[PDB]
Amino acid sequence: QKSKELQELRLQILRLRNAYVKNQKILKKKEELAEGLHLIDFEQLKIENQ
Amino acid sequence: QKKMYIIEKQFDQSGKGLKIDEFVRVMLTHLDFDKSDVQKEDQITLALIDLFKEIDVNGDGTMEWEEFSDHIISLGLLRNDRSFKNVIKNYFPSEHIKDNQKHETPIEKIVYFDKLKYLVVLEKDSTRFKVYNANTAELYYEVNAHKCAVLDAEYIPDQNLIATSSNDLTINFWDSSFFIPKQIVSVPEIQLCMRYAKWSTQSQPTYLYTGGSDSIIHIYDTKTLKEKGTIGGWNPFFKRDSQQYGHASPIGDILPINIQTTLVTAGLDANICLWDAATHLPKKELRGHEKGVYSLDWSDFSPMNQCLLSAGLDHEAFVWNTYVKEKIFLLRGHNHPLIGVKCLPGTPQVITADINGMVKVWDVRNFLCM
Amino acid sequence: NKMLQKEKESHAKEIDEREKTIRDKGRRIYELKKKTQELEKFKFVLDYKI
Amino acid sequence: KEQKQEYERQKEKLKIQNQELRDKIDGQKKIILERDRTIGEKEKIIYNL
């Protein structure tokens, strides 16, 4: 029972950790500006910042 | 403009006007667009086919260079018209109008009596209201309206009266013909806002609605200038099964929308109770503001562009529809709490002002900071 | 009176619901107006950038 | 005679019920059709947009 219980714990920890990595990836990927033109907008905006 | 002559050359190459296919193909070769991308390829083809049909006056399916040049000429004249419609020229500072009277105290309120041209300014902590010119800021009379600080000064055209409400629990209606107080009426409570509502219907008497600290709109007929009714407000004493309709904070303003016969009351609780002025019951409660709403205007530029505009503790103005509960639009770019929203009559221009002297003039057709 | 009482009824809820549908379709009208306006400016912006 | 007068008000209330039940209802349909036409007009704007 203890081995099995730790085994489903390992299942849940692994799946939760994969969901974690995906959530940080989503958080980083949401860098798109808005709308609409998302990256090119501030790329040309970055051009003027230059 | 560089490929104008090249397009002219290719169009003349047809010799009988470019049909749909050659027309579109020539503008596809010449345009600064993505010919290889099917999306804009097809979209530009459709737009140019629409242009072709519009140019098609003879109906033969041929658009001559003559017709194309005439259409370009018409578009050039329209651009000459440097608004593309309804030129909304910027509000320049009045080089000819400025304050003249020595206001001994800070300006508290200013109600412009367009009917009288009496720009009655109620001075903060000043027992006299100085009525200037809205066109020249020329004070007519510095007359003691009441015994204490005055909150609101509204024109009752129904009796040619300037009603001034004071924290002394009094309302003084002064005959504008002589600026003498025609009638003084005592009230159990101080009304923070006091607006003359003359609803559109001929049979509805004009009501000076006064929203005091109790959130109850005390309704004074403009003839007798006396209270005759109280609208719903946050009244914990009246503990019964009646649904909570109204506001839990003192009435800041009362907006008579005579077109819709709606008394709009904006409260510190962020509610905007639309009361049926015919019944004074709640037709609705606009919500979405983060804090107390203080100023309300009614942009009536077009029936299809009608928008209530609400501002207050929120640093941005919410656009509201009588049917559509959700705020239609939100004017951005404001750095501080918006003093209010104005909808200039006869123009699509709505002015939203922050506390830091920053004003944005927006086109209700687009609600953009023109 | 009894026959007419059996007869009379209705249509107030229908009036209100039709007003509600007007409301919803005006909502969608303005939503699509805003979407079309958002997409219009990008056309000229991208022509200008090209 | 007093009984007749007493039942005259009953007859009057009965005619009141008759007319009330015969009353408009049609007036309430028309608002429905107006709102439907406005709904259809709004649909066209929605589709065009």
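Please refer to the structure placed before this passage.
**Student:** Run through the overall build of chain C, naming residues and quoting values.
**Tutor:** For chain C, the helix and strand inventory stands at two helices and zero strands. Relative to the globule expectation of 10 Å for 50 residues, the C-alpha radius of gyration of chain C, 23 Å, shows a markedly less compact shape. Per-residue burial for chain C yields a buried fraction of 24% across its 50 residues. A total of about 3,900 Å² of accessible surface is found on chain C, and carbon and sulfur atoms cover 55% of it. Computed over 16 positive and 11 negative side-chain charges, the separation of the two mean positions in chain C equals 2 Å.

**Student:** Go over the interface of chain D and chain C, please, and point to the residues and values.
**Tutor:** Contact with chain D, which involves 22 residues of that partner, is made by 23 residues of chain C. In total, about 2,200 Å² of surface goes out of reach between chain D and chain C, with carbon and sulfur atoms giving 70% of it. When the buried surface of chain D facing chain C is broken down by residue, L21, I46 and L49 of chain D rank first, second and third, together holding 30% of it. Along the contact surface separating chain D from chain C lie three salt bridges. With its nearest N and O atoms 3.0 Å apart, the salt bridge here joins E19 of chain C to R35 of chain D. The interface formed by chain D and chain C includes ten residue pairs in polar contact. Of the residues forming the side of chain D that touches chain C, the biggest block, twelve residues, is contributed by helix α2 (residues 26-48) of chain D.

**Student:** Give me the nonpolar core: which residues, what numbers.
**Tutor:** Residues and elements named next belong to chain B. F11, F23, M27, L48, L51 and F68 are the most contacted members of the largest nonpolar core, which has 17 residues in total. Excluding its chain neighbours within four sequence positions, the residues that come into contact with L51 are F23, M27, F68 and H71. Judged by nonpolar contacts, the second largest core, of 16 residues, contains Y118, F129, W174 and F179.

**Student:** Quick one: what's the story with the side chain of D354 of chain B, residue by residue and with numbers?
**Tutor:** Residue and element names in this part refer to chain B. Residue placement: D354 occurs in strand β22 (residues 349-354). No salt bridge is formed by the buried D354, whose closest oppositely charged neighbour, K360, lies at an N-O distance of 8.0 Å. Those residues in contact with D354 that lie beyond four places of it in its chain are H315, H334, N335, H336, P337, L338 and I339.

**Student:** Describe the interface of chain C and chain A, naming the residues involved and giving the relevant values.
**Tutor:** Taken together, the contact between chain C and chain A spans four residues of the former and five residues of the latter. Roughly 440 Å² of surface becomes buried between chain C and chain A when both sides are summed, with 66% attributable to carbon and sulfur atoms. The interface formed by chain C and chain A holds zero salt bridges in total. At the surface where chain C touches chain A, the tally comes to one residue pair in polar contact. Here the side of chain C that touches chain A is composed, by residue class, of two nonpolar, no polar and two charged.

**Student:** Can you break down the packing of aromatic side chains residue by residue, with the values?
**Tutor:** Residues and elements named next belong to chain B. Per the stated rule, a full pass over the model turns up 16 aromatic pairs over all chains. A ring pair is formed by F23 and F68, whose centres lie 6.2 Å apart and whose planes are at 85°; its orientation type is edge-to-face. Linking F23 in helix α2 (residues 20-30) with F68 in helix α4 (residues 65-80), this pair joins segments that are 45 residues apart in sequence. For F68, a relative accessible area of 12% translates into the label buried. Each ring, one from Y207 and one from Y209, has its centre 5.8 Å from the other, and the planes form 70°; the classification is edge-to-face. You can call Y207 partly exposed: its relative accessible area is 23%.

**Student:** Please give an account of the pattern of salt bridges that cites residues and values.
**Tutor:** Going through the model one piece at a time under the given rule, you end up with 23 salt bridges over all chains. Between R28 of chain C and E31 of chain C there is a salt bridge; the shortest N-O distance is 2.6 Å. Of this pair, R28 of chain C and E31 of chain C both sit in helix α2 (residues 12-49), three residues apart, which is roughly one turn of the helix. On the basis of relative accessibility, which here comes to 35%, the residue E31 of chain C falls in the partly exposed class. Across the salt bridge formed by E34 of chain D and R37 of chain D, the nearest N and O atoms sit 3.2 Å from each other. In this pair, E34 of chain D and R37 of chain D are both assigned in helix α2, three residues apart and thus about one turn of the helix distant. Residue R37 of chain D is classed as exposed on the basis of its relative accessible area of 54%. Overlapping salt bridges bring together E123, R128, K130 and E142 of chain B as one network.

Conventions adopted
- Residues numbered from 1 in each chain as written, not as in the entry; some residues may be left out.
- Chains lettered and ligands numbered in written order.
- Part of a larger assembly, values for the part shown.
- Heavy atoms only, no water.
- Helix = DSSP H or I, 4+ residues; strand = E, 2+ residues; numbered from the N terminus.
- Rg over C-alpha atoms; globule rule 2.2 N^0.38 Å.
- Buried < 20%, exposed > 50% of the residue type's maximum accessible area, 1.4 Å probe, protein only.
- Areas by Shrake-Rupley, 256 points an atom, 1.4 Å probe, with all protein chains shown as cover.
- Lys, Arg positive; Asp, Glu negative; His and termini not counted.
- Charge placed at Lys NZ, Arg CZ, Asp CG, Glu CD.
- Contact = heavy atoms within 4.5 Å.
- Buried area = accessible area lost by both parts, 1.4 Å probe.
- Salt bridge = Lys/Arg side-chain N within 4 Å of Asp/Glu carboxyl O.
- Polar contact = N/O pair within 3.5 Å; in protein donor to acceptor, adjacent residues only side chain to side chain.
- Core = buried A, V, L, I, M, F, W, Y, C linked by side-chain atoms within 4.5 Å.
- Nonpolar A, V, L, I, M, F, W, Y, C, P; charged D, E, K, R; others polar.
- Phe/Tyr/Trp six-rings, centres within 6.5 Å; stacked < 30°, edge-to-face > 60°.

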